Each structure stands twice: as C-alpha cells, then as structure tokens.
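Peer 1: Structure file final-v7.pdb (PDB, C-alpha atoms and all ligand atoms) right here:
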```
ATOM      1  CA  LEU U   7      84.522   0.155  10.917  1.00  0.00           C
ATOM      2  CA  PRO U   8      81.854  -0.497  13.551  1.00  0.00           C
ATOM      3  CA  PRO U   9      81.151  -4.179  14.218  1.00  0.00           C
ATOM      4  CA  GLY U  10      78.514  -5.671  11.940  1.00  0.00           C
ATOM      5  CA  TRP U  11      79.739  -3.530   9.024  1.00  0.00           C
ATOM      6  CA  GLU U  12      82.108  -4.333   6.196  1.00  0.00           C
ATOM      7  CA  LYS U  13      83.454  -2.572   3.136  1.00  0.00           C
ATOM      8  CA  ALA U  14      82.111  -3.845  -0.164  1.00  0.00           C
ATOM      9  CA  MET U  15      82.432  -3.070  -3.868  1.00  0.00           C
ATOM     10  CA  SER U  16      79.535  -2.263  -6.182  1.00  0.00           C
ATOM     11  CA  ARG U  17      79.423  -4.687  -9.100  1.00  0.00           C
ATOM     12  CA  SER U  18      77.684  -2.300 -11.461  1.00  0.00           C
ATOM     13  CA  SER U  19      79.509   0.921 -10.571  1.00  0.00           C
ATOM     14  CA  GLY U  20      82.788  -0.083  -8.913  1.00  0.00           C
ATOM     15  CA  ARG U  21      82.104   2.351  -6.059  1.00  0.00           C
ATOM     16  CA  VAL U  22      82.835   1.318  -2.474  1.00  0.00           C
ATOM     17  CA  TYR U  23      79.804   0.827  -0.223  1.00  0.00           C
ATOM     18  CA  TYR U  24      79.085  -0.531   3.254  1.00  0.00           C
ATOM     19  CA  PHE U  25      77.057  -3.607   4.207  1.00  0.00           C
ATOM     20  CA  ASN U  26      75.793  -4.784   7.615  1.00  0.00           C
ATOM     21  CA  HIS U  27      75.520  -8.559   7.899  1.00  0.00           C
ATOM     22  CA  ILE U  28      73.269  -8.357  10.995  1.00  0.00           C
ATOM     23  CA  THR U  29      70.655  -5.999   9.548  1.00  0.00           C
ATOM     24  CA  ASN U  30      71.273  -6.639   5.817  1.00  0.00           C
ATOM     25  CA  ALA U  31      71.411  -2.858   5.336  1.00  0.00           C
ATOM     26  CA  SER U  32      73.599  -1.397   2.605  1.00  0.00           C
ATOM     27  CA  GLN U  33      74.544   2.243   2.063  1.00  0.00           C
ATOM     28  CA  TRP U  34      77.110   4.403   0.283  1.00  0.00           C
ATOM     29  CA  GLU U  35      78.314   6.468   3.272  1.00  0.00           C
ATOM     30  CA  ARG U  36      80.668   5.169   5.940  1.00  0.00           C
ATOM     31  CA  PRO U  37      78.653   4.231   9.050  1.00  0.00           C
ATOM     32  CA  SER U  38      78.930   6.409  12.156  1.00  0.00           C
ATOM     33  CA  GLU U  51      73.704  -1.109  23.930  1.00  0.00           C
ATOM     34  CA  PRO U  52      70.174   0.082  24.788  1.00  0.00           C
ATOM     35  CA  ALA U  53      68.231  -1.851  27.410  1.00  0.00           C
ATOM     36  CA  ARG U  54      65.194  -1.693  25.103  1.00  0.00           C
ATOM     37  CA  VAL U  55      64.427  -0.562  21.556  1.00  0.00           C
ATOM     38  CA  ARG U  56      61.225   0.319  19.731  1.00  0.00           C
ATOM     39  CA  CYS U  57      60.697  -0.897  16.169  1.00  0.00           C
ATOM     40  CA  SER U  58      58.084  -1.079  13.459  1.00  0.00           C
ATOM     41  CA  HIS U  59      58.160  -3.767  10.806  1.00  0.00           C
ATOM     42  CA  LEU U  60      56.628  -4.843   7.523  1.00  0.00           C
ATOM     43  CA  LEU U  61      56.280  -8.624   7.250  1.00  0.00           C
ATOM     44  CA  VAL U  62      55.801 -10.565   4.023  1.00  0.00           C
ATOM     45  CA  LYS U  63      54.835 -14.161   4.687  1.00  0.00           C
ATOM     46  CA  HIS U  64      55.431 -17.111   2.342  1.00  0.00           C
ATOM     47  CA  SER U  65      54.287 -20.713   2.006  1.00  0.00           C
ATOM     48  CA  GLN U  66      56.980 -21.884   4.477  1.00  0.00           C
ATOM     49  CA  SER U  67      56.056 -19.395   7.227  1.00  0.00           C
ATOM     50  CA  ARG U  68      55.202 -20.932  10.599  1.00  0.00           C
ATOM     51  CA  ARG U  69      51.598 -19.772  10.095  1.00  0.00           C
ATOM     52  CA  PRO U  70      50.957 -19.302   6.324  1.00  0.00           C
ATOM     53  CA  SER U  71      47.933 -17.101   7.004  1.00  0.00           C
ATOM     54  CA  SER U  72      47.318 -13.422   7.690  1.00  0.00           C
ATOM     55  CA  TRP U  73      44.639 -10.753   7.889  1.00  0.00           C
ATOM     56  CA  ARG U  74      45.369 -10.147   4.175  1.00  0.00           C
ATOM     57  CA  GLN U  75      45.102 -13.760   2.948  1.00  0.00           C
ATOM     58  CA  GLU U  76      43.531 -16.810   4.549  1.00  0.00           C
ATOM     59  CA  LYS U  77      45.998 -19.100   2.716  1.00  0.00           C
ATOM     60  CA  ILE U  78      49.390 -17.574   1.891  1.00  0.00           C
ATOM     61  CA  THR U  79      50.831 -19.417  -1.105  1.00  0.00           C
ATOM     62  CA  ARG U  80      53.623 -17.208  -2.482  1.00  0.00           C
ATOM     63  CA  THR U  81      57.089 -18.736  -2.494  1.00  0.00           C
ATOM     64  CA  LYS U  82      59.908 -17.372  -0.361  1.00  0.00           C
ATOM     65  CA  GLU U  83      61.524 -16.046  -3.537  1.00  0.00           C
ATOM     66  CA  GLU U  84      58.290 -14.192  -4.388  1.00  0.00           C
ATOM     67  CA  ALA U  85      58.104 -12.779  -0.845  1.00  0.00           C
ATOM     68  CA  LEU U  86      61.691 -11.525  -1.143  1.00  0.00           C
ATOM     69  CA  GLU U  87      60.887  -9.844  -4.471  1.00  0.00           C
ATOM     70  CA  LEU U  88      58.012  -8.011  -2.773  1.00  0.00           C
ATOM     71  CA  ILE U  89      60.207  -6.956   0.165  1.00  0.00           C
ATOM     72  CA  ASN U  90      62.910  -5.729  -2.215  1.00  0.00           C
ATOM     73  CA  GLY U  91      60.339  -3.663  -4.099  1.00  0.00           C
ATOM     74  CA  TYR U  92      59.007  -2.100  -0.888  1.00  0.00           C
ATOM     75  CA  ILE U  93      62.562  -1.243   0.167  1.00  0.00           C
ATOM     76  CA  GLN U  94      63.122   0.505  -3.175  1.00  0.00           C
ATOM     77  CA  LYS U  95      59.943   2.585  -2.824  1.00  0.00           C
ATOM     78  CA  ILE U  96      60.798   3.553   0.760  1.00  0.00           C
ATOM     79  CA  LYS U  97      64.359   4.563  -0.087  1.00  0.00           C
ATOM     80  CA  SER U  98      63.252   6.581  -3.136  1.00  0.00           C
ATOM     81  CA  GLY U  99      60.667   8.433  -1.048  1.00  0.00           C
ATOM     82  CA  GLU U 100      57.984   7.322  -3.496  1.00  0.00           C
ATOM     83  CA  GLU U 101      56.261   5.569  -0.561  1.00  0.00           C
ATOM     84  CA  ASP U 102      56.459   5.819   3.225  1.00  0.00           C
ATOM     85  CA  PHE U 103      57.317   2.842   5.419  1.00  0.00           C
ATOM     86  CA  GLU U 104      54.215   3.368   7.557  1.00  0.00           C
ATOM     87  CA  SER U 105      51.981   3.500   4.479  1.00  0.00           C
ATOM     88  CA  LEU U 106      53.338   0.266   3.008  1.00  0.00           C
ATOM     89  CA  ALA U 107      53.191  -1.439   6.412  1.00  0.00           C
ATOM     90  CA  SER U 108      49.514  -0.533   6.891  1.00  0.00           C
ATOM     91  CA  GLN U 109      48.637  -1.755   3.400  1.00  0.00           C
ATOM     92  CA  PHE U 110      50.821  -4.803   2.833  1.00  0.00           C
ATOM     93  CA  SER U 111      52.271  -6.204   6.055  1.00  0.00           C
ATOM     94  CA  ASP U 112      51.127  -9.759   6.813  1.00  0.00           C
ATOM     95  CA  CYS U 113      51.491  -9.026  10.552  1.00  0.00           C
ATOM     96  CA  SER U 114      48.490  -7.960  12.639  1.00  0.00           C
ATOM     97  CA  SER U 115      50.554  -4.881  13.599  1.00  0.00           C
ATOM     98  CA  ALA U 116      49.731  -3.549  10.110  1.00  0.00           C
ATOM     99  CA  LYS U 117      46.777  -1.781  11.757  1.00  0.00           C
ATOM    100  CA  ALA U 118      49.255   0.178  13.936  1.00  0.00           C
ATOM    101  CA  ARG U 119      51.499   1.190  10.995  1.00  0.00           C
ATOM    102  CA  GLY U 120      53.738  -1.766  11.875  1.00  0.00           C
ATOM    103  CA  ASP U 121      54.576  -0.502  15.367  1.00  0.00           C
ATOM    104  CA  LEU U 122      55.557  -3.312  17.728  1.00  0.00           C
ATOM    105  CA  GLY U 123      56.248  -1.130  20.750  1.00  0.00           C
ATOM    106  CA  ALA U 124      59.349  -1.332  22.896  1.00  0.00           C
ATOM    107  CA  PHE U 125      61.003  -4.635  23.773  1.00  0.00           C
ATOM    108  CA  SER U 126      64.074  -6.196  25.380  1.00  0.00           C
ATOM    109  CA  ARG U 127      66.437  -8.928  24.286  1.00  0.00           C
ATOM    110  CA  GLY U 128      64.886 -12.358  24.723  1.00  0.00           C
ATOM    111  CA  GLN U 129      61.367 -11.569  23.487  1.00  0.00           C
ATOM    112  CA  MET U 130      61.546 -11.570  19.681  1.00  0.00           C
ATOM    113  CA  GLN U 131      62.803 -14.185  17.267  1.00  0.00           C
ATOM    114  CA  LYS U 132      66.586 -14.042  17.273  1.00  0.00           C
ATOM    115  CA  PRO U 133      67.360 -12.673  13.762  1.00  0.00           C
ATOM    116  CA  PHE U 134      64.731  -9.989  14.299  1.00  0.00           C
ATOM    117  CA  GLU U 135      66.102  -9.130  17.745  1.00  0.00           C
ATOM    118  CA  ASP U 136      69.700  -8.979  16.499  1.00  0.00           C
ATOM    119  CA  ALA U 137      68.766  -6.727  13.588  1.00  0.00           C
ATOM    120  CA  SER U 138      66.669  -4.459  15.821  1.00  0.00           C
ATOM    121  CA  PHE U 139      69.431  -3.896  18.370  1.00  0.00           C
ATOM    122  CA  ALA U 140      72.081  -3.342  15.677  1.00  0.00           C
ATOM    123  CA  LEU U 141      70.075  -0.584  13.934  1.00  0.00           C
ATOM    124  CA  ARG U 142      70.666   3.025  14.881  1.00  0.00           C
ATOM    125  CA  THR U 143      67.673   5.130  15.902  1.00  0.00           C
ATOM    126  CA  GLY U 144      65.834   6.012  12.698  1.00  0.00           C
ATOM    127  CA  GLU U 145      67.675   3.438  10.618  1.00  0.00           C
ATOM    128  CA  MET U 146      65.994   0.708   8.539  1.00  0.00           C
ATOM    129  CA  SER U 147      67.055  -2.874   7.884  1.00  0.00           C
ATOM    130  CA  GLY U 148      67.393  -4.824   4.696  1.00  0.00           C
ATOM    131  CA  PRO U 149      65.458  -8.075   4.379  1.00  0.00           C
ATOM    132  CA  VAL U 150      65.543  -9.979   7.679  1.00  0.00           C
ATOM    133  CA  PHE U 151      64.519 -13.651   7.615  1.00  0.00           C
ATOM    134  CA  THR U 152      62.683 -15.421  10.446  1.00  0.00           C
ATOM    135  CA  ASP U 153      60.354 -18.386  10.817  1.00  0.00           C
ATOM    136  CA  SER U 154      57.481 -15.903  10.339  1.00  0.00           C
ATOM    137  CA  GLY U 155      58.741 -14.721   6.940  1.00  0.00           C
ATOM    138  CA  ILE U 156      60.762 -11.786   5.622  1.00  0.00           C
ATOM    139  CA  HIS U 157      60.772  -8.463   7.511  1.00  0.00           C
ATOM    140  CA  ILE U 158      61.704  -4.854   6.912  1.00  0.00           C
ATOM    141  CA  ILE U 159      62.549  -3.352  10.325  1.00  0.00           C
ATOM    142  CA  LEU U 160      62.498   0.351  11.223  1.00  0.00           C
ATOM    143  CA  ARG U 161      64.045   1.307  14.561  1.00  0.00           C
ATOM    144  CA  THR U 162      62.063   4.221  15.974  1.00  0.00           C
ATOM    145  CA  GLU U 163      63.517   4.512  19.510  1.00  0.00           C
TER
HETATM  146  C1  LIG V   1      48.817  -6.241  20.435  1.00  0.00           C
HETATM  147  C2  LIG V   1      48.191  -4.912  20.091  1.00  0.00           C
HETATM  148  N1  LIG V   1      47.802  -4.833  18.677  1.00  0.00           N
HETATM  149  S1  LIG V   1      48.848  -4.331  17.552  1.00  0.00           S
HETATM  150  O1  LIG V   1      48.183  -4.443  16.291  1.00  0.00           O
HETATM  151  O2  LIG V   1      49.333  -3.053  17.980  1.00  0.00           O
HETATM  152  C3  LIG V   1      50.205  -5.452  17.566  1.00  0.00           C
HETATM  153  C4  LIG V   1      50.098  -6.668  16.914  1.00  0.00           C
HETATM  154  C5  LIG V   1      51.163  -7.553  16.942  1.00  0.00           C
HETATM  155  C6  LIG V   1      52.288  -7.194  17.638  1.00  0.00           C
HETATM  156  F1  LIG V   1      53.335  -8.061  17.674  1.00  0.00           F
HETATM  157  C7  LIG V   1      52.413  -6.005  18.305  1.00  0.00           C
HETATM  158  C8  LIG V   1      51.351  -5.121  18.269  1.00  0.00           C
END
```
Rewrite the structure of this file - the entire thing - as structure tokens.

Peer 2:
Amino acid sequence: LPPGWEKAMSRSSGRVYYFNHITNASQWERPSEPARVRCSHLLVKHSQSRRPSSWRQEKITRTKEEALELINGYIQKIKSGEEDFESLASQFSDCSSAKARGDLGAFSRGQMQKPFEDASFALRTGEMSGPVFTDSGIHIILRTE
C-alpha cells in the first residue's frame, strides 16, 4: 500500500477497507510531492479552540465531542451527495473563508498548522479528508489542486 494507508476490517460488515492515518480518510477501494497545494476546508470550532469565536457565533460553546458530531454529519451528507462541500462550507464553516466556499488558496509547507498541512499534502487532487484536528478546531479538507 501507499504510505499513510493501512488495511482495516469493517466491524459491522466484515469487509476490508482502507484507512489513512494522516488524513483520517476511509474508503472501500484500494488507494492508487507537490511544491504547493490548493485546498478548501470546513472548520467547526469548539470551546477549546484557540479563538472560540467566529462570524457565525460571538461565543462558541459547543464541546469538542459536539463539534466532531457535526463534522461527521457533514461528511456523511457530502459523501452521499445530499449536500455539496462548498455549500456546507459557505453555510456552516467557522472560518472566515466560509465566504469563499472554504477556499484557502495555494500554500507551501511551513505555513499552515502541522496536522492540517500534513493532511493537505497527503490528499490526492480532488480527494477529501476525514476529521482533522488542530488548535483551531476540527476540519474537513478538500484538495482542489
Ligand atoms: C483573506 C481573503 N479572504 S478569504 O475569505 O478568502 C480567506 C479567509 C481566511 C483564509 F485563511 C484564507 C482566505
């Protein structure tokens, strides 16, 4: 397997799947570095975020567990096609980039917080992360370039 990826076993179904411990992505199919990458993200802040405030809420009070539940729900809606990433980012991201559909632009290594950077550079073009934790909160990352 590529680095970052491991085989895993579904607990409910017994079917093999693949999990990436850098991006927290999981998928059924077997998976198959850039100077810069371009990503969008959807951030859900919690009461332990470095700045527990956002354009959505002056005082963010949800627990980290509650933030993760929200992230997990958004991931479900994106993967089912019931909702688009860009739509959910514009509506519900606690980052100011919500107004740009979550787009952060292009960036190099050494600019972003490290778990976010590592996830971004491990994603393939077009691929989306699982929940990624930083001091800002919990992110869904979409690599666009
Ligand atoms: C700075 C220009 N406004 S923005 O909303 O596109 C934005 C906000 C935060 C970012 F980290 C990146 C882009």

Peer 1: Name every residue that the PyMOL selection byres (((chain U and resi 150) around 12) and not hetatm) selects in this structure, writing the answer as a PyMOL selection string with chains first and numbers rising.

Peer 2: chain U and resi 26-31+59-63+85-86+89-90+93+131-138+146-149+151-160

Peer 1: How about saving the chosen residues, C-alpha atoms kept, as a PDB file, keeping the file's coordinate frame?

Peer 2:
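Result file follows (out-v2.pdb):
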```
ATOM      1  CA  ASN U  26      75.793  -4.784   7.615  1.00  0.00           C
ATOM      2  CA  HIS U  27      75.520  -8.559   7.899  1.00  0.00           C
ATOM      3  CA  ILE U  28      73.269  -8.357  10.995  1.00  0.00           C
ATOM      4  CA  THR U  29      70.655  -5.999   9.548  1.00  0.00           C
ATOM      5  CA  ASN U  30      71.273  -6.639   5.817  1.00  0.00           C
ATOM      6  CA  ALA U  31      71.411  -2.858   5.336  1.00  0.00           C
ATOM      7  CA  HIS U  59      58.160  -3.767  10.806  1.00  0.00           C
ATOM      8  CA  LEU U  60      56.628  -4.843   7.523  1.00  0.00           C
ATOM      9  CA  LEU U  61      56.280  -8.624   7.250  1.00  0.00           C
ATOM     10  CA  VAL U  62      55.801 -10.565   4.023  1.00  0.00           C
ATOM     11  CA  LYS U  63      54.835 -14.161   4.687  1.00  0.00           C
ATOM     12  CA  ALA U  85      58.104 -12.779  -0.845  1.00  0.00           C
ATOM     13  CA  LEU U  86      61.691 -11.525  -1.143  1.00  0.00           C
ATOM     14  CA  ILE U  89      60.207  -6.956   0.165  1.00  0.00           C
ATOM     15  CA  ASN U  90      62.910  -5.729  -2.215  1.00  0.00           C
ATOM     16  CA  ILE U  93      62.562  -1.243   0.167  1.00  0.00           C
ATOM     17  CA  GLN U 131      62.803 -14.185  17.267  1.00  0.00           C
ATOM     18  CA  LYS U 132      66.586 -14.042  17.273  1.00  0.00           C
ATOM     19  CA  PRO U 133      67.360 -12.673  13.762  1.00  0.00           C
ATOM     20  CA  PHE U 134      64.731  -9.989  14.299  1.00  0.00           C
ATOM     21  CA  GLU U 135      66.102  -9.130  17.745  1.00  0.00           C
ATOM     22  CA  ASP U 136      69.700  -8.979  16.499  1.00  0.00           C
ATOM     23  CA  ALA U 137      68.766  -6.727  13.588  1.00  0.00           C
ATOM     24  CA  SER U 138      66.669  -4.459  15.821  1.00  0.00           C
ATOM     25  CA  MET U 146      65.994   0.708   8.539  1.00  0.00           C
ATOM     26  CA  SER U 147      67.055  -2.874   7.884  1.00  0.00           C
ATOM     27  CA  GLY U 148      67.393  -4.824   4.696  1.00  0.00           C
ATOM     28  CA  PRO U 149      65.458  -8.075   4.379  1.00  0.00           C
ATOM     29  CA  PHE U 151      64.519 -13.651   7.615  1.00  0.00           C
ATOM     30  CA  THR U 152      62.683 -15.421  10.446  1.00  0.00           C
ATOM     31  CA  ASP U 153      60.354 -18.386  10.817  1.00  0.00           C
ATOM     32  CA  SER U 154      57.481 -15.903  10.339  1.00  0.00           C
ATOM     33  CA  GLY U 155      58.741 -14.721   6.940  1.00  0.00           C
ATOM     34  CA  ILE U 156      60.762 -11.786   5.622  1.00  0.00           C
ATOM     35  CA  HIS U 157      60.772  -8.463   7.511  1.00  0.00           C
ATOM     36  CA  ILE U 158      61.704  -4.854   6.912  1.00  0.00           C
ATOM     37  CA  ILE U 159      62.549  -3.352  10.325  1.00  0.00           C
ATOM     38  CA  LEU U 160      62.498   0.351  11.223  1.00  0.00           C
TER      39      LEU U 160
END
```

Peer 1: Kindly resolve the PyMOL selection byres (((not hetatm)) within 12 of (chain V and resi 1)) on the present coordinates and return the residues as number ranges by chain.

Peer 2: U: 56-61, 72-73, 107-108, 111-125, 129-131, 154

Peer 1: With all atoms listed in the file as the basis for distance, which of U:83, U:51, U:33, U:76 is at the shortest distance from residue 21 of chain U?

Peer 2: U:33

Peer 1: Please determine, counting all atoms listed in the file, which residue among U:82, U:74, U:54, U:95 has the shortest atom-to-atom distance to residue 140 of chain U.

Peer 2: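 Among the listed residues, U:54 lies closest to residue 140 of chain U.
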
Peer 1: Return as a list in words the set of residues that the PyMOL selection byres (((chain U and resi 24) around 7) and not hetatm) yields on the displayed structure.

Peer 2: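 Taken over the shown coordinates, the PyMOL selection byres (((chain U and resi 24) around 7) and not hetatm) returns residues 11, 12, 13, 14, 23, 25, 26, 32, 33, 34 and 36 of chain U.
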
Peer 1: Starting from 3 Å padding per side, set up an axis-aligned box that covers all listed atoms of segment 139-143 of chain U and hand over centre and edge lengths in Å, one decimal, as JSON.

Peer 2:
```
{"center_x": 69.9, "center_y": 0.6, "center_z": 16.2, "size_x": 10.4, "size_y": 15.0, "size_z": 10.4}
```

Peer 1: For atom CA of residue 141 of chain U and atom CA of residue 66 of chain U, determine how far apart the two atoms are, in Å to one decimal place.

Peer 2: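 Interatomic distance, atom CA of residue 141 of chain U to atom CA of residue 66 of chain U: 26.7 Å.
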
Peer 1: In Å to one decimal, how far is atom CA of residue 145 of chain U from atom CA of residue 7 of chain U?

Peer 2: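 A separation of 17.2 Å between them.
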
Peer 1: Kindly output segment 31-54 of chain U as a short mmCIF file (atom, residue, chain, number, x, y, z; two decimals), in the frame of the given file, after building N, CA, C and O atoms.

Peer 2:
```
data_model
loop_
_atom_site.label_atom_id
_atom_site.label_comp_id
_atom_site.auth_asym_id
_atom_site.auth_seq_id
_atom_site.Cartn_x
_atom_site.Cartn_y
_atom_site.Cartn_z
N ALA U 31 71.41 -4.20 5.90
CA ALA U 31 71.41 -2.86 5.34
C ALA U 31 72.64 -2.63 4.47
O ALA U 31 73.73 -3.13 4.75
N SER U 32 72.47 -1.82 3.42
CA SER U 32 73.60 -1.40 2.60
C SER U 32 73.45 0.08 2.29
O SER U 32 72.33 0.57 2.09
N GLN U 33 74.57 0.79 2.24
CA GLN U 33 74.54 2.24 2.06
C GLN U 33 75.89 2.71 1.52
O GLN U 33 76.91 2.04 1.69
N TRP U 34 75.89 3.89 0.89
CA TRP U 34 77.11 4.40 0.28
C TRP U 34 78.03 5.06 1.31
O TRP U 34 79.26 4.96 1.18
N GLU U 35 77.48 5.74 2.32
CA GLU U 35 78.31 6.47 3.27
C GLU U 35 78.87 5.56 4.36
O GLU U 35 78.26 4.56 4.74
N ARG U 36 80.04 5.94 4.87
CA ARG U 36 80.67 5.17 5.94
C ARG U 36 79.82 5.28 7.20
O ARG U 36 79.38 6.38 7.55
N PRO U 37 79.53 4.17 7.88
CA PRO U 37 78.65 4.23 9.05
C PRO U 37 79.31 4.92 10.24
O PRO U 37 80.48 4.69 10.55
N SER U 38 78.53 5.76 10.91
CA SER U 38 78.93 6.41 12.16
C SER U 38 77.68 6.91 12.87
O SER U 38 76.58 6.83 12.31
N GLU U 51 74.83 -1.11 24.86
CA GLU U 51 73.70 -1.11 23.93
C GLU U 51 72.42 -0.83 24.73
O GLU U 51 72.39 -1.06 25.94
N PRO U 52 71.39 -0.31 24.06
CA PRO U 52 70.17 0.08 24.79
C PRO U 52 69.54 -1.10 25.51
O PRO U 52 69.55 -2.23 25.02
N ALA U 53 68.98 -0.82 26.70
CA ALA U 53 68.23 -1.85 27.41
C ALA U 53 67.05 -2.33 26.58
O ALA U 53 66.75 -3.53 26.53
N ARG U 54 66.37 -1.40 25.90
CA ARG U 54 65.19 -1.69 25.10
C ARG U 54 65.28 -0.87 23.82
O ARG U 54 65.98 0.14 23.76
#
```
